[PDB]
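Structure file final.cif; described as mmCIF, C-alpha atoms.
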data_run
loop_
_atom_site.group_PDB
_atom_site.id
_atom_site.type_symbol
_atom_site.label_atom_id
_atom_site.label_comp_id
_atom_site.auth_asym_id
_atom_site.auth_seq_id
_atom_site.Cartn_x
_atom_site.Cartn_y
_atom_site.Cartn_z
ATOM 1 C CA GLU A 1 -29.263 -1.593 3.504
ATOM 2 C CA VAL A 2 -29.468 -5.365 3.943
ATOM 3 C CA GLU A 3 -27.302 -7.661 6.070
ATOM 4 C CA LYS A 4 -29.766 -10.430 6.923
ATOM 5 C CA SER A 5 -31.442 -13.208 4.930
ATOM 6 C CA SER A 6 -32.821 -12.528 1.448
ATOM 7 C CA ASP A 7 -30.114 -10.268 0.020
ATOM 8 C CA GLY A 8 -31.595 -10.376 -3.468
ATOM 9 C CA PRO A 9 -31.105 -12.305 -6.757
ATOM 10 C CA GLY A 10 -27.488 -12.323 -7.897
ATOM 11 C CA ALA A 11 -24.594 -13.695 -5.856
ATOM 12 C CA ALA A 12 -23.554 -17.324 -6.333
ATOM 13 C CA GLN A 13 -19.925 -16.825 -5.299
ATOM 14 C CA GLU A 14 -17.347 -14.033 -5.154
ATOM 15 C CA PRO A 15 -13.516 -13.862 -4.780
ATOM 16 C CA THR A 16 -12.017 -13.778 -1.277
ATOM 17 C CA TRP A 17 -10.958 -10.478 0.292
ATOM 18 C CA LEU A 18 -7.188 -10.702 0.786
ATOM 19 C CA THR A 19 -6.687 -7.283 2.378
ATOM 20 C CA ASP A 20 -3.425 -8.582 3.852
ATOM 21 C CA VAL A 21 -0.319 -10.322 2.523
ATOM 22 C CA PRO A 22 -0.483 -13.148 5.141
ATOM 23 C CA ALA A 23 -4.169 -13.749 4.456
ATOM 24 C CA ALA A 24 -3.404 -13.756 0.753
ATOM 25 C CA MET A 25 -0.595 -16.308 0.925
ATOM 26 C CA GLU A 26 -2.724 -18.249 3.413
ATOM 27 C CA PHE A 27 -5.729 -18.645 1.136
ATOM 28 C CA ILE A 28 -3.232 -19.601 -1.562
ATOM 29 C CA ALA A 29 -1.478 -22.039 0.762
ATOM 30 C CA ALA A 30 -4.838 -23.535 1.713
ATOM 31 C CA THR A 31 -5.432 -24.705 -1.855
ATOM 32 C CA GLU A 32 -3.701 -26.180 -4.907
ATOM 33 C CA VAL A 33 -4.586 -23.519 -7.481
ATOM 34 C CA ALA A 34 -5.389 -19.916 -6.546
ATOM 35 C CA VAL A 35 -6.365 -16.967 -8.714
ATOM 36 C CA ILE A 36 -6.375 -13.472 -7.286
ATOM 37 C CA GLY A 37 -7.174 -10.069 -8.713
ATOM 38 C CA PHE A 38 -4.802 -7.460 -7.277
ATOM 39 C CA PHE A 39 -6.614 -4.277 -8.276
ATOM 40 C CA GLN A 40 -6.004 -0.695 -7.190
ATOM 41 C CA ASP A 41 -9.576 0.006 -8.267
ATOM 42 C CA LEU A 42 -12.552 -2.355 -8.072
ATOM 43 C CA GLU A 43 -14.311 -0.680 -10.995
ATOM 44 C CA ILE A 44 -12.152 -1.992 -13.835
ATOM 45 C CA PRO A 45 -13.203 -4.662 -16.402
ATOM 46 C CA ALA A 46 -10.880 -7.053 -14.580
ATOM 47 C CA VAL A 47 -13.035 -7.119 -11.439
ATOM 48 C CA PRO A 48 -16.300 -8.314 -13.130
ATOM 49 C CA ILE A 49 -14.296 -10.664 -15.325
ATOM 50 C CA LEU A 50 -12.697 -12.191 -12.232
ATOM 51 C CA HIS A 51 -15.904 -12.416 -10.204
ATOM 52 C CA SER A 52 -17.242 -14.137 -13.321
ATOM 53 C CA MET A 53 -14.343 -16.550 -13.816
ATOM 54 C CA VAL A 54 -14.962 -17.497 -10.194
ATOM 55 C CA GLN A 55 -18.052 -19.469 -11.179
ATOM 56 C CA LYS A 56 -16.151 -20.762 -14.202
ATOM 57 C CA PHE A 57 -13.348 -22.117 -12.036
ATOM 58 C CA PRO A 58 -14.835 -23.289 -8.681
ATOM 59 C CA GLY A 59 -11.876 -25.606 -8.189
ATOM 60 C CA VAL A 60 -9.613 -22.581 -8.483
ATOM 61 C CA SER A 61 -9.258 -20.447 -5.357
ATOM 62 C CA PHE A 62 -11.050 -17.214 -6.212
ATOM 63 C CA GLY A 63 -9.366 -14.228 -4.621
ATOM 64 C CA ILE A 64 -9.167 -10.456 -4.869
ATOM 65 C CA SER A 65 -7.311 -7.639 -3.120
ATOM 66 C CA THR A 66 -6.854 -3.869 -3.159
ATOM 67 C CA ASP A 67 -4.429 -3.407 -0.267
ATOM 68 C CA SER A 68 -1.157 -1.619 -1.007
ATOM 69 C CA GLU A 69 1.019 -3.946 1.089
ATOM 70 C CA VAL A 70 -0.277 -6.904 -0.909
ATOM 71 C CA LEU A 71 -0.190 -5.241 -4.327
ATOM 72 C CA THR A 72 3.345 -4.322 -3.274
ATOM 73 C CA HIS A 73 4.419 -7.780 -2.134
ATOM 74 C CA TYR A 74 3.396 -9.143 -5.530
ATOM 75 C CA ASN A 75 4.923 -6.089 -7.216
ATOM 76 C CA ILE A 76 1.433 -5.396 -8.585
ATOM 77 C CA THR A 77 1.546 -2.224 -10.684
ATOM 78 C CA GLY A 78 -1.500 -2.203 -12.941
ATOM 79 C CA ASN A 79 -4.458 -4.039 -11.425
ATOM 80 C CA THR A 80 -2.560 -7.278 -12.006
ATOM 81 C CA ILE A 81 -4.103 -10.722 -11.463
ATOM 82 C CA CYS A 82 -1.837 -13.375 -9.966
ATOM 83 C CA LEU A 83 -2.447 -17.113 -10.238
ATOM 84 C CA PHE A 84 -0.481 -19.011 -7.590
ATOM 85 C CA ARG A 85 -0.381 -22.800 -7.958
ATOM 86 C CA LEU A 86 0.594 -24.093 -4.491
ATOM 87 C CA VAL A 87 1.619 -27.498 -5.884
ATOM 88 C CA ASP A 88 4.354 -26.217 -8.187
ATOM 89 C CA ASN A 89 4.376 -22.951 -6.235
ATOM 90 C CA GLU A 90 4.022 -21.075 -9.530
ATOM 91 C CA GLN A 91 2.888 -17.468 -9.845
ATOM 92 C CA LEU A 92 1.446 -16.146 -13.104
ATOM 93 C CA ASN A 93 1.279 -12.350 -13.064
ATOM 94 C CA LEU A 94 -1.476 -11.221 -15.427
ATOM 95 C CA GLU A 95 -0.331 -7.598 -15.290
ATOM 96 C CA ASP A 96 -1.313 -4.516 -17.300
ATOM 97 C CA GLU A 97 -0.013 -6.159 -20.481
ATOM 98 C CA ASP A 98 -3.045 -8.387 -19.954
ATOM 99 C CA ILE A 99 -5.213 -6.240 -17.635
ATOM 100 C CA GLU A 100 -5.483 -3.215 -19.944
ATOM 101 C CA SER A 101 -7.652 -5.269 -22.301
ATOM 102 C CA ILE A 102 -8.550 -8.156 -20.000
ATOM 103 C CA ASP A 103 -11.600 -10.212 -20.931
ATOM 104 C CA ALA A 104 -13.504 -12.993 -19.166
ATOM 105 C CA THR A 105 -12.178 -15.215 -21.938
ATOM 106 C CA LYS A 106 -8.584 -14.180 -21.286
ATOM 107 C CA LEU A 107 -8.712 -14.567 -17.500
ATOM 108 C CA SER A 108 -10.499 -17.914 -17.780
ATOM 109 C CA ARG A 109 -7.982 -18.811 -20.477
ATOM 110 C CA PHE A 110 -4.740 -17.964 -18.684
ATOM 111 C CA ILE A 111 -6.195 -19.891 -15.762
ATOM 112 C CA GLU A 112 -7.257 -22.847 -17.895
ATOM 113 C CA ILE A 113 -3.670 -22.649 -19.106
ATOM 114 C CA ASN A 114 -1.929 -22.585 -15.712
ATOM 115 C CA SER A 115 -4.614 -24.105 -13.481
ATOM 116 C CA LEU A 116 -2.086 -26.744 -12.437
#
What would the structure in this file look like if it were written as structure tokens?
Amino acid sequence: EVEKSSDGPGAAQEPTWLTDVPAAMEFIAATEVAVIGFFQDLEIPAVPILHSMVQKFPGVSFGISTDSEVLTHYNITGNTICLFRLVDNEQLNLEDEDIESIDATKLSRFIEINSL
């Protein structure tokens, strides 16, 4: 309903839309630390928790995707959240074992743990 100025209170910053594998790896390659929420559904607790961690980790590259090709490239099979750290080229896969009961604390934690 709105696409111009004054969108309404509530925004700040949201995770990037990596609808493609190249764009995903690009946003990750264009930054030291990158956190991305590979979800098959943007209605799970993980989504709000990620969009929230975004403001908790500005330095970290906030990202999010729902594309099959991407969720496939990262072998995502459970609304997994992957933290790629360009520097050491690491990739932490916060899968279902952590997505089923994911919490803003957890996401922000795992990140705070591997935000290298």
One-decimal distance in Å that lies between atom CA of residue 92 of chain A and atom CA of residue 110 of chain A: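 Going from atom CA of residue 110 of chain A over to atom CA of residue 92 of chain A, I get 8.5 Å.
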Contacts of segment 31-47 of chain A within 7 Å, all atoms listed in the file, excl. fewer than 3 positions in-chain, as a list in words: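 Final neighbour list, sorted by chain and number: residues 27, 28, 50, 51, 60, 61, 62, 63, 64, 65, 66, 71, 76, 79, 80, 81, 82, 83, 84, 85, 86, 87, 99, 102, 115 and 116 of chain A.
Among the candidates A:49, A:4, A:24, A:12, the one nearest to residue 107 of chain A when counting only C-alpha atoms is A:49.
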Between atom CA of residue 21 of chain A and atom CA of residue 98 of chain A - distance in Å to one decimal: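 So the answer is 22.7 Å.
Nearest-residue note for residue 112 of chain A: choosing from A:53, A:29, A:18, A:11, the minimum distance belongs to A:53, counting only C-alpha atoms.
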Among the residues A:52, A:91, A:72, A:5, the one that comes closest to residue 103 of chain A [using all atoms listed in the file]: A:52
Coordinates-based distance that separates atom CA of residue 73 of chain A from atom CA of residue 94 of chain A (Å, one decimal):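 Between these atoms lies a distance of 14.9 Å.
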Closest of A:111, A:70, A:54, A:104 to residue 14 of chain A - atom-to-atom distances counting only C-alpha atoms: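 Going through A:111, A:70, A:54, A:104 one by one, the smallest distance to residue 14 of chain A is for A:54.
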Answer as an MDAnalysis selection string, residues within 7 Å of (-0.9, -2.2, -16.7) using only C-alpha atoms: chainID A and resid 77:79 95:97 99:100
